[PDB]
Each structure stands twice: as C-alpha cells, then as structure tokens.
Amino acid sequence: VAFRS
Amino acid sequence: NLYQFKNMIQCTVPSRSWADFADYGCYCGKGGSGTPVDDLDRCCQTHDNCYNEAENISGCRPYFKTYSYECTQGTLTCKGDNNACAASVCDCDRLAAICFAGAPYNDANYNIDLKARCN
Ligand SMILES: [Ca+2]
C-alpha cells in the first residue's frame, strides 16, 4: 500500500 | 515505477492533478478490497490486480521497476526495449492511464472511509 496518479 | 505512472496520468489527464487519483474509492491508492464504488474505481481495481500478477515474475517490483515508454502528441506507448517485467508493468500503467481518461470523476468518492466502506 503506497500510491497512484 | 510510480514516478512514471504519475507522468502517464499527467499526460492523459492534464485537466486534473495526479493526487486526485491517489486516494479514491476502494481501489485507487492504498485500498485493495471490497466493491468498487464506480467506473474510475474499477479502473484502479484492474490496475491493482495487474500489479499482483506482475509480482509473480521473479524480481519484478511494480512500484519500483523503471520501464521504457513515451507520451507525445496524445499517444502513450510502451517501447520495445522492455524486459518481461518492465513490459508487463508498463502495460498495467498504460491501460490504467487510458482508463482514467474515459472515466467520470465523482468528488464524493475521493478520500472515503476504507475501513467502513470497503469491506
Ligand atoms: Ca490499491
């Protein structure tokens, strides 16, 4: 679980 | 890698900040569970699943693997000099960026309560 866009 | 994915989004959706996609619905960002709340969330679920698959490749780490790609004149392309890991990850990112571009953005679905709503 880290990020996007 | 995540830096490259950000750039893909900036190139296909120059209308909104990349951060808008970093914490949306049940799948965009951290979350990886429950019922996708809308079309955009479904784009992210496919993307999350696509990374899980790429991870099956020996030494392949989707968040960190640097691939080769181009974004110009309205076109996003994963280049031919990618190894199996780079090619898969590049494709996952590319398909998600295109998906994001055609999906409606509902401000109500930004930053929702994952624990209560993504079970
Ligand atoms: Ca996720």
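Residues numbered from 1 in each chain as written, not as in the entry; some residues may be left out. Chains lettered and ligands numbered in written order. Heavy atoms only, no water.

Per the deposited record, X-ray crystallography is how this structure was determined, to a resolution of 1.90 Å.

The PDB entry annotates chain B as Phospholipase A2 of Naja sagittifera. As deposited in the PDB, this entry carries the title "Structure-based design of potent and selective inhibitors of phospholipase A2: Crystal structure of the complex formed between phosholipase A2 from Naja Naja sagittifera and a designed peptide inhibitor at 1.9 A resolution". In its Catalytic activity section, the UniProt entry covering chain B states "a 1,2-diacyl-sn-glycero-3-phosphocholine + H2O = a 1-acyl-sn-glycero-3-phosphocholine + a fatty acid + H(+)". Looking at chain B in UniProt, the text filed under Subcellular location is "Secreted". (UniProt positions renumbered as here; feature names shortened; annotations may be inferred.)

J.: Quick one: what's the story with the nonpolar core, residue by residue and with numbers?
T.: If you look at the biggest cluster of nonpolar residues, it comprises 30 residues, and the most contacted ones within it are B:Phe21, B:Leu40, B:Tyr67, B:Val89 and B:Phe100. Mapped by element, the contributors of at least two residues to this core are α1 (2-12), α2 (39-54) and α3 (84-101) of chain B. Counting residues per element, this core draws most heavily on α3(B), which supplies eight residues. Apart from residues no more than four positions distant in its own chain, B:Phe100 is found in contact with A:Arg4, B:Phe5, B:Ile9, B:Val13, B:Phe21, B:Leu40, B:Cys43 and B:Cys44. (Core = buried A, V, L, I, M, F, W, Y, C linked by side-chain atoms within 4.5 Å. Buried < 20%, exposed > 50% of the residue type's maximum accessible area, 1.4 Å probe, protein only. Helix = DSSP H or I, 4+ residues; strand = E, 2+ residues; numbered from the N terminus. Contact = heavy atoms within 4.5 Å.)

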